[PDB]
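One chain follows as structure tokens, the form deposited in one PDB entry.
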């Protein structure tokens, strides 16, 4: 009786927002759409208080989304293993157990060694000389290296992590027969690595999860193994591409970068803005299913109905933010769900931020003359992709 528009509404341009989300926020915050895969229609959530419910409220099952027939933004139906597709109370336990060690305090204390890692990379680049591809020298290498340091991986065998990481991306460049073998090899190493943490303690994250005080809650061996793998992947692509995404915004209006060469203390406040202002997820939600009827403004979604939150839209909610379409490094408040919200609120959110602030602070500190040496018009944005990012980024300092 009506279109049942397909979502994604359009192929994305750069880090632009389809001008439709804006119209929906006024004309229809919660509307039916058709996701590219699965079966039936679903609810595109476009505003914050609504997204906060769909991501917040216990009456929405992600583990339900595992049904091949349930809508989704990607082709291969998610395995029910994934922590993302984990309902409580089991998920709630994973988060409690992992969250006890992945404290914000562990991440802020990593900083000094994360500063020391961006430097080795910004050396390699200055060795190459200007102009240089910021993807190659910084963004690709920096995150994987950071995670290795989180897991306390010895320097040798970090190439495995890099080999396994790149074997999981969308453009893997490797066949199904290869993906199988690298998986085994990596998992077995991780197996032995967790064993070493149990037998002989360390102080890295795995180490803290591996310890077990006798009379109280701790994780199994296979859980600890898998959490590490889960963190590794979930913080790779997002951070690789989020780095180029903030540099890209920083130079395209170069008035921005110079805002931070002027007052470096803005780097953290900046990083938050750019998280809120960047469609790192082009068309968004992992689907959520109402296990009971749930009431949003303007639409009450019924038990059994799948939903999709668009993060970056909520992040531009005209009530929540002012001049949400304009990048302001001096907002008093920044309630962005760029890290998601509620149960599945990004684990690595604090680490994510550490990484960004360290990449930008270093860039400002080492290259106040940083400039995009590629013409903007030439820029190679990644195509047909789930997470937005640049293929390439020649910069000149």
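Residue numbers count along the first chain shown, from 1. Take the two forms, superpose them, and find the largest set of C-alpha atoms that agree within 1.5 Å; that set is the rigid core.
If you look for the form deposited in another entry, you will not find it shown, but the lines that follow are about it.
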**Complete:** After rigid core alignment between the shown form and the other one, the listed option with CA shift of 2 Å or more out of 91, 115, 106, 218 is 218
**Asked** residue 265: with the rigid core matched between the shown form and the other one, does its Cα shift 2 Å or more?
**Response** no
**Asked** Once everything's superposed on the core, is residue 254 shifted 2 Å or more at the Cα between the shown form and the other one?
**Response** no
**Request:** Indicate whether residue 186 shows a C-alpha shift of 2 Å or more between the shown form and the other one, with the rigid core used for the fit.
**Result:** yes
**Item:** Direction of C-alpha distance change in the other form, residue 171 to residue 12 (at least 3 Å)
**Value:** closer
**Complete:** One pair moves by 3 angstroms or more in the other form: the C-alpha atoms of residue 125 and residue 171, which are farther
